[PDB]
Amino acid sequence: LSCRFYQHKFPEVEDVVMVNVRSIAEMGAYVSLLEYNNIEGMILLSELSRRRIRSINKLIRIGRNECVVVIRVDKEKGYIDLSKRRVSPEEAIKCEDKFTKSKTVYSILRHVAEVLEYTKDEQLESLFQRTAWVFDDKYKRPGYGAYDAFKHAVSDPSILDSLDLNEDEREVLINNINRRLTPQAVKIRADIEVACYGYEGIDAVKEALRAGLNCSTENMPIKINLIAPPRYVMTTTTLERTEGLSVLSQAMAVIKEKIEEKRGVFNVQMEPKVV
Amino acid sequence: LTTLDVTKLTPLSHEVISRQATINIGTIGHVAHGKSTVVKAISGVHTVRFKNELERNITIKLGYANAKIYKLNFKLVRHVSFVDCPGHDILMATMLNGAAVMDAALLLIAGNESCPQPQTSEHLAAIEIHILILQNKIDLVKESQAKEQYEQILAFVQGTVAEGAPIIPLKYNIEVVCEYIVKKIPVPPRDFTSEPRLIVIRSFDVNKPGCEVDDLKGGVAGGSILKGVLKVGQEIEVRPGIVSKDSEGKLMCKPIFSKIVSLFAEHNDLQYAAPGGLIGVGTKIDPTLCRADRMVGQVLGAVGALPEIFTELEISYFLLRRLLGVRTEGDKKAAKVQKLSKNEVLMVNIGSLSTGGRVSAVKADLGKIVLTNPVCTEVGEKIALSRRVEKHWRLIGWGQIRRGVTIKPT
């Protein structure tokens with residue numbers, strides 16, 4: 001049903017780790033290590049904050065997840081002690097990114113297991129040992145390696161095929177990765193009123209529109225439609241919105257230059273934006 | 001199919017080469033939206049349907065109705081257009097401002113009663129000036145029909161001083177009347193050799209929403225050619241043009257020149273165009289510059305016709321004492337044309353071009369009226385003057401253009 005995200009069982013010291021608070025005691029706060037198959041953990045009260053704090057409940061908030069560093073580990077007694085004073089905002093950000101990517105990877109693996117109908121928890125543990133943790137061991141970078149490998153598999157299915165799990169299981173995993181690691185959807189729209197009330201009005205307007213549309217490269221066809229008489233909407237349904245905005249800006253600049261050259265009228269009704 | 005071409009030197013009014021629209025004929029009567037049935041039965045129901053938008057001034061716009069009279073597997077003897085608009089005052093003002101208005105007059109008078117409406121129609125027809133009356137009271141008693149014919153003959157004898165010599169009596173009678181009109185239709189003299197001149201009565205833009213990237217056809221204005229013959233591909237010019245007062249001073253009226261891409265009638269009009277019809281010229285004008293009915297009240301010329309833009313004009317005030325052809329039974333000062341009071345807004349209708357103006361000053365000889373929008377019609381044209389009594393603009397008098405303040409922006 002569920003297991004630790006990483007093959008490693010006890011996280012090392014000085015490693016920022018996600019926790020979920022469960023209860024409050026005198027010694028400190030009880031948490032579950034969500035990504036280590038919910039092992040019990042402690043946060044000492046003397047380490048909650050650098051300031052003088054009298055109540056644990058001032059920042060415990062049972063039921064709310066948190067990012068805590070590990071200050072001491074004792075594998076013999078199953079005792080892990082954590083901390084909140086040491087963690088920096090940047091460390092929290094990178095740990096949260098790690099947690100999100102690990103959650104995505106585990107969602108993919110859990111979907112694969114459910115598709116395979118592997119009712120045995122041992123079968124799911126073996127699935128973790130074989131399918132996803134192989135890339136984790138290969139890349140020598142826990143967390144990020146699995147997500148990078150899954151992205152590459154969504155790009156090139158060679159990585160997914162290289163796994164030695166099964167044939168039908170490989171197909172199920174590929175389908176799950178495609179349904180999960182390929183959520184590409186974007187449509188950048190903009191509005192601009194291009195019209196020249198001069199001698200060759202319609203001709204100049206058509207020429208400027210064609211010149212602007214000529215800047216639309218492959219996999220980014222800028223289609224211009226006449227929503228109104230004087231205003232025109234340009235739509236480019238392409239991924240990479242960061243580059244799409246620059247492309248739309250370049251097209252708008254080209255259209256404005258073409259309109260100004262022929263002594264016409266060009267107005268930017270709205271900047272490019274997603275739909 | 002049409003047998004049109006691009007070869008003609010001296011156009012003929014009765015020439016069969018065009019067979020689209022030769023002479024503009026008017027249908028004036030008291031039918032009160034009852035002439036529509038007769039017009040439809042004469043030519044067709046919806047023969048003209050190519051461009052429609054939100055109506056701007058339905059009651060102040062004349063509507064043509066082409067009709068090709070064919071007789072003998074037959075041959076079309078003539079193809080004229082019937083013009084009939086609600087409100088005889090506007091038609092009379094348009095007619096009494098020059099020429100080329102309702103060349104042949106058809107009166108679809110009712111044969112049931114002789115109420116004041118027929119008298120007003122007859123007075124309007126007399127003031128405008130050949131007329132042809134008709135009896136529309138079908139499905140009645142034969143003796144009653146004869147009595148109504150005798151009453152109409154008496155009315156015609158009364159009106160014979162100005163125009164009272166018509167003869168007329170389910171479309172068999174309509175076909176007979178059409179044949180008689182074709183027989184009696186005099187040929188009117190129209191100048192096909194002068195420079196092109198048209199008045200735009202309806203501006204359009206057929207580019208529907210969500211058009212293509214380059215498929216943007218715009219600038220199809222519609223109107224009637226006043227003088228000369230228009231050929232496709234000629235360089236037309238808008239006399240009114242774009243008028244902007246943003247200069248923080250005198251308004252600037254820059255004309256617009258465009259090549260006439262096409263000329264279309266209700267059917268596919270040839271490259272050449274004949275006067276006397278509501279044809280449309282589509283040119284290289286920006287659709288934004290000519291929105292739905294936006295370019296109305298404009299004059300299309302070829303080489304910059306003599307009509308110059310004017311801001312204020314001096315007219316020779318001359319009005320009628322009472323209401324021309326109208327006299328209410330109560331007559332409680334309603335049918336009494338008051339004096340031309342200052343700061344009164346009224347339109348002057350030169351030809352088909354109607355402009356607005358307020359009488360800034362006038363002393364018994366000439367009113368200096370500043371027009372609402374700049375206009376370019378003529379320098380000595382007989383300009384009518386009409387005022388709204390109650391929700392219906394009606395003619396008040398006439399005058400002559402003498403001088404004014406003109407502007408020529410480049």
# chains A, B, ... in the order shown; residues from 1 in each chain; ligands from 1

$ interface_residues --of "chain B" --to "chain A" --cutoff "9 Å" --atoms "only C-alpha atoms" --output "list in words"
residues 205, 207, 208, 209, 210, 211, 212, 213, 214, 215, 216, 217, 218, 219, 242, 256, 257, 258, 259, 283, 284, 285, 286, 287, 288, 289 and 291 of chain B

$ write_last_selection --atoms "N, CA, C and O atoms" --output "compact mmCIF listing (two decimals), in the first residue's frame"
# COMPACT_ATOMS: atom_id res chain seq x y z
N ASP B 205 -19.10 46.67 -43.96
CA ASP B 205 -17.86 45.92 -43.87
C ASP B 205 -18.24 44.46 -43.67
O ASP B 205 -18.66 44.08 -42.57
N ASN B 207 -16.56 41.78 -43.44
CA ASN B 207 -15.64 40.91 -42.72
C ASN B 207 -16.28 40.47 -41.41
O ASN B 207 -16.41 41.26 -40.47
N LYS B 208 -16.70 39.21 -41.34
CA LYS B 208 -17.36 38.68 -40.16
C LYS B 208 -16.35 38.49 -39.03
O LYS B 208 -15.14 38.63 -39.23
N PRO B 209 -16.82 38.18 -37.83
CA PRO B 209 -15.89 37.98 -36.71
C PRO B 209 -15.00 36.77 -36.93
O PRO B 209 -15.39 35.78 -37.56
N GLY B 210 -13.79 36.85 -36.38
CA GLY B 210 -12.83 35.77 -36.50
C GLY B 210 -12.39 35.49 -37.92
O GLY B 210 -12.34 34.33 -38.34
N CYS B 211 -12.06 36.55 -38.66
CA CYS B 211 -11.62 36.39 -40.04
C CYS B 211 -10.21 35.79 -40.08
O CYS B 211 -9.58 35.54 -39.05
N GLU B 212 -9.72 35.58 -41.30
CA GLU B 212 -8.41 34.96 -41.49
C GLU B 212 -7.30 35.99 -41.27
O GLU B 212 -7.54 37.16 -40.96
N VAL B 213 -6.06 35.53 -41.41
CA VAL B 213 -4.91 36.41 -41.21
C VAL B 213 -4.85 37.48 -42.29
O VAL B 213 -4.65 38.67 -41.99
N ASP B 214 -5.01 37.09 -43.55
CA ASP B 214 -4.92 38.02 -44.67
C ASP B 214 -6.22 38.23 -45.42
O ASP B 214 -6.33 39.20 -46.17
N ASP B 215 -7.22 37.35 -45.24
CA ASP B 215 -8.51 37.49 -45.91
C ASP B 215 -9.33 38.55 -45.17
O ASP B 215 -10.23 38.25 -44.38
N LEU B 216 -9.00 39.81 -45.44
CA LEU B 216 -9.65 40.96 -44.80
C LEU B 216 -10.12 41.91 -45.90
O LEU B 216 -9.40 42.83 -46.29
N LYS B 217 -11.34 41.68 -46.40
CA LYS B 217 -11.95 42.54 -47.39
C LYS B 217 -12.77 43.61 -46.68
O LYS B 217 -13.75 43.29 -45.99
N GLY B 218 -12.39 44.87 -46.85
CA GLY B 218 -13.06 45.96 -46.17
C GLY B 218 -13.08 47.20 -47.03
O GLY B 218 -12.25 47.38 -47.92
N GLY B 219 -14.04 48.07 -46.75
CA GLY B 219 -14.21 49.30 -47.48
C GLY B 219 -15.29 49.29 -48.54
O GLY B 219 -15.18 50.03 -49.52
N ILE B 242 -11.93 61.99 -43.34
CA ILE B 242 -11.83 61.90 -41.89
C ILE B 242 -11.71 63.31 -41.33
O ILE B 242 -10.77 64.05 -41.67
N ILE B 256 -9.82 60.85 -48.21
CA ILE B 256 -9.26 59.51 -48.33
C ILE B 256 -9.36 59.07 -49.78
O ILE B 256 -10.44 59.11 -50.38
N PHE B 257 -8.23 58.64 -50.34
CA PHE B 257 -8.16 58.15 -51.71
C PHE B 257 -7.92 56.65 -51.70
O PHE B 257 -7.06 56.15 -50.97
N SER B 258 -8.69 55.92 -52.52
CA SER B 258 -8.54 54.48 -52.58
C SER B 258 -8.91 53.99 -53.98
O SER B 258 -9.78 54.55 -54.64
N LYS B 259 -8.24 52.93 -54.41
CA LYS B 259 -8.54 52.31 -55.70
C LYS B 259 -9.81 51.47 -55.58
O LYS B 259 -9.94 50.66 -54.65
N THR B 283 -13.39 49.39 -52.03
CA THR B 283 -12.08 49.97 -52.31
C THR B 283 -11.09 49.55 -51.23
O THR B 283 -11.40 48.78 -50.32
N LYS B 284 -9.87 50.08 -51.34
CA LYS B 284 -8.79 49.77 -50.40
C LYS B 284 -8.82 50.70 -49.20
O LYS B 284 -7.83 51.35 -48.86
N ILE B 285 -9.97 50.76 -48.54
CA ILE B 285 -10.15 51.57 -47.34
C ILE B 285 -10.15 50.65 -46.13
O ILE B 285 -10.67 49.53 -46.17
N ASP B 286 -9.57 51.13 -45.04
CA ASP B 286 -9.50 50.33 -43.81
C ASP B 286 -10.90 50.10 -43.27
O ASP B 286 -11.70 51.04 -43.20
N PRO B 287 -11.24 48.87 -42.88
CA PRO B 287 -12.58 48.63 -42.30
C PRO B 287 -12.84 49.44 -41.04
O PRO B 287 -13.99 49.77 -40.76
N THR B 288 -11.79 49.75 -40.27
CA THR B 288 -11.97 50.60 -39.10
C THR B 288 -12.41 52.01 -39.49
O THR B 288 -13.25 52.61 -38.83
N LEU B 289 -11.84 52.54 -40.58
CA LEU B 289 -12.21 53.87 -41.05
C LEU B 289 -13.66 53.94 -41.52
O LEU B 289 -14.27 55.01 -41.46
N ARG B 291 -16.81 51.86 -40.52
CA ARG B 291 -17.51 50.85 -39.74
C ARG B 291 -18.94 50.72 -40.26
O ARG B 291 -19.28 51.21 -41.34

$ closest_residue --among "B:356, B:116, B:222, B:26" --to "residue 92 in chain B" --atoms "only C-alpha atoms"
B:26

$ residues_around --residues "residue 35 in chain A" --least-positions-apart "3" --cutoff "12 Å" --atoms "only C-alpha atoms" --output "VMD selection string"
chain A and resid 2 to 11 17 to 20 31 to 32 38 to 40 65 67 95 to 96 98 to 103 105 to 106 143

$ residues_around --residues "residue 294 in chain B" --least-positions-apart "2" --cutoff "9 Å" --atoms "only C-alpha atoms" --output "ChimeraX atom specification"
/B:202-204,289-292,296-297

$ closest_residue --among "B:244, B:194, B:119, B:352" --to "residue 228 in chain B" --atoms "only C-alpha atoms"
B:194

$ select_by_dssp --residues "range 122-268 of chain B" --states "strand (DSSP E)" --output "PyMOL selection string"
chain B and resi 131-133+197-204+220-227+230-231+235-244+252-264
